[PDB]
Amino acid sequence: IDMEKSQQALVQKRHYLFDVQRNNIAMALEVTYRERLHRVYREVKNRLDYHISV
Amino acid sequence: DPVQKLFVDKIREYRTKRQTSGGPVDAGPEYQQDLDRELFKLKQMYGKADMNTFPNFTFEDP
């Protein structure tokens, strides 16, 4: 009986693996977006630094 | 101050250069050779991108 009760207890919290997957996917998309922002910023500043160096 | 004949002499030579600076005077071939060399070096160190405007991205999703 107690073994089954413990199994049922674990059923409630089964969802954490999906929760982890969601957090990972969302924050990975966020990371890619921030990389895009900073990459455009860096390229443009280098681009214009070309002109000032000249 | 109007007495340092070399002071006014240097100022005069500077003025004449200012007037004559339509193209770098007494440049000689060394001027062009250098200009090209170090412009080329700067071009390498910066990059070979489209040297007029903003290059495009076309990123890729995960």
# chains A, B, ... in the order shown; residues from 1 in each chain; ligands from 1
>>> closest_atom_pairs(of="chain B", to="chain A", cutoff="9 Å", atoms="only C-alpha atoms", output="Markdown table")
| residue | atom | partner | partner_atom | distance |
| --- | --- | --- | --- | --- |
| B:39 | CA | A:54 | CA | 7.6 |
| B:42 | CA | A:50 | CA | 7.9 |
| B:43 | CA | A:50 | CA | 8.2 |
| B:46 | CA | A:50 | CA | 6.8 |
| B:47 | CA | A:47 | CA | 8.8 |
| B:49 | CA | A:47 | CA | 8.8 |
| B:51 | CA | A:47 | CA | 8.5 |
| B:54 | CA | A:44 | CA | 7.8 |
| B:57 | CA | A:40 | CA | 8.6 |
| B:59 | CA | A:36 | CA | 8.0 |
| B:61 | CA | A:32 | CA | 7.9 |
| B:62 | CA | A:29 | CA | 7.4 |
>>> select_by_dssp(residues="region 11-62 of chain B", states="helix (DSSP H, G or I)", output="compact mmCIF listing (two decimals) with C-alpha atoms, in the first residue's frame")
# COMPACT_ATOMS: atom_id res chain seq x y z
CA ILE B 11 53.41 80.87 -40.24
CA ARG B 12 53.93 82.15 -43.79
CA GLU B 13 55.13 78.78 -45.06
CA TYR B 14 52.12 77.18 -43.39
CA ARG B 15 49.76 79.64 -45.08
CA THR B 16 51.35 78.96 -48.46
CA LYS B 17 50.90 75.22 -47.92
CA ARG B 18 47.27 75.82 -46.98
CA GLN B 19 46.70 77.66 -50.26
CA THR B 20 48.63 75.08 -52.31
CA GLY B 28 56.02 61.82 -54.85
CA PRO B 29 55.29 58.16 -55.59
CA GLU B 30 56.01 57.30 -51.95
CA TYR B 31 52.77 59.03 -50.95
CA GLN B 32 50.66 56.75 -53.12
CA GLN B 33 52.67 53.62 -52.34
CA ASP B 34 52.31 54.12 -48.59
CA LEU B 35 48.65 55.13 -48.75
CA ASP B 36 47.94 51.94 -50.69
CA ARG B 37 50.01 49.74 -48.38
CA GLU B 38 48.44 50.80 -45.11
CA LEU B 39 44.93 51.08 -46.57
CA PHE B 40 45.36 47.48 -47.74
CA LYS B 41 46.55 46.41 -44.28
CA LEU B 42 43.61 48.13 -42.59
CA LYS B 43 41.25 46.47 -45.06
CA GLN B 44 42.57 43.06 -44.06
CA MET B 45 42.47 43.76 -40.34
CA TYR B 46 38.87 44.98 -40.51
>>> atom_distance(atom1="CA of residue 53 (chain B)", atom2="CA of residue 30 (chain A)")
27.9 Å
>>> atom_distance(atom1="CA of residue 4 (chain A)", atom2="CA of residue 16 (chain A)")
20.2 Å
